[PDB]
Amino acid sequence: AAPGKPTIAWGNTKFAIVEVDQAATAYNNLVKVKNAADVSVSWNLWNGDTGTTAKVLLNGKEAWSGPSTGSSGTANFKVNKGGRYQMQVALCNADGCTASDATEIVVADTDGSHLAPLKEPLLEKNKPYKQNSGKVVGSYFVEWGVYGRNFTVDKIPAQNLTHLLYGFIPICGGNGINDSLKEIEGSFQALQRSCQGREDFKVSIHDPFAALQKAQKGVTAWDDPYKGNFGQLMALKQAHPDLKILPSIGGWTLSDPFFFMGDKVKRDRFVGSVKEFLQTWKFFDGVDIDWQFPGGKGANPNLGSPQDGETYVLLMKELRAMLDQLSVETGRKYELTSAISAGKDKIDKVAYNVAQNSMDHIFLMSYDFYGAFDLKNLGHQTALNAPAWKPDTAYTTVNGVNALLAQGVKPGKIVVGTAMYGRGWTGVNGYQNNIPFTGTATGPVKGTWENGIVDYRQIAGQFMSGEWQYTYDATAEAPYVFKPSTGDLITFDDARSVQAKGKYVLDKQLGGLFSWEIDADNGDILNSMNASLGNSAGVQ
């Protein structure tokens, strides 16, 4: 007679190809990429002949086989593809094979192949758009937004984006290499613990708790291997297979290491660490380089060199070569992008007409033109055009686009920036003709999270009522709210100025729109980005 039917033993059924060490704070120890997951299964036979061969099947296909030598057994074998499998133990002899009932086993990998899709409802004022314009619709999500800002990946209106950038992935390095980080409390030290035992100029994760271990919707079980932002992003990729999710390296406080990359030893170490990062975290679709800024004038007053433009061009070509190689290894398309200053004084330190041949998209940061970093010279922080009272204004969106176009950059590469925040001042005074921007200020406005900066959500929620004046400057294409009794002045984008940027993109055949930062919108900004670029309302 065939053997008795085995009963799978109770036991762990959740396994991982990329293992996460739950008692590690250094990035080198935190993750272990294997070529396959170590899986184990045990069984008992409660009734009958135990057969002479035992086999473990996954969806019918043998993963392990060995002699059946008694009423219980254990099998250890490797599974090299992530996903969920119906696993069975079968005992076989010459008269037949008798298979257990199926037990599902979960083999995790960092493409999210083990996860359910995270397809959450649109919140606040977000309305559904189809991505069918062919234009970029991008936004940044910030790793530290999950604490006080309380804005997690399940709150991103992800159907309404083509590109979701993750700010920020840091480059390892202590004194002299990430000194701008010392301005943020506990931040420099944070990085040094993440990078313990790890060479400088390799990438790491700045806050491993937020990125991988904090409990979040859909990744709450103790033994879900990837939680935090990265676990949710993997499940978001399962819901939106064509969303491009890019890791952004740098930003205002993490850009110092780029200034050392004229040393090709360091540059090559960095490039190889990026390749390793994308091999490890398979949900990411490329890399975004946010070096602020080639030539200096970023957070660190002691850095910046005439060499930086060449380094930026070489970095991009070598990034693209690495990604082209990773693309043919995997069959995947990988993207290389960069977010760049929109000021013409910074643009012309780089030959973007050469660097564009390595890049998919250039995220033109057409925001922060003005703000509480200068109390004397006030202006619209993200306007399309100069205002009527100063038609020679240097920092406008059009001037940064035109500086790029004058280099020879193809218009289709250029993605125009929209701000989901305002900048502002307090004590504005001494202005003519009811235009507060002709005055000077005494300090920054009271921010939502930091001085001088206000989420758009709060502008709409609190500063479009009461004593606040609202004006849409149709020359500049820029809204502003002003409280005459305190002299609080806030410059921001709103649905109409975004619509102007969107029509301008379509008119000039530019690449699309992106925004900083997704948590600060109530829906009005991203709704307008989508509509102004010609995406149809609704779902596919």
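Each residue number is its position in the shown sequence, starting from 1.
The stretch 404-412 shows the higher mean C-alpha B-factor when 67-75 is compared against 404-412 in the entry.
As recorded in the PDB entry, 297-305 is the stretch of 297-305 and 315-323 with the greater mean C-alpha temperature factor. Per the PDB entry, 150 shows the highest C-alpha temperature factor of the residues 150, 204, 337, 279.
In this entry, the residue among 330, 381, 255, 159 with the greatest C-alpha B factor is 330.
In this PDB entry, residue 28 carries a Cα temperature factor that places it within the highest third of its chain's modelled residues. Among the modelled residues of its chain, residue 473 has a C-alpha B-factor that falls in the middle third, as given in the PDB entry. Compared with the other modelled residues of the chain, the Cα B-factor recorded for residue 1 ranks in the highest third. When the CA B factors of the chain's modelled residues are split into thirds, the value for residue 228 lands in the lowest one. In the deposited entry, the Cα temperature factor of residue 222 sits in the middle third of values across the chain's modelled residues.
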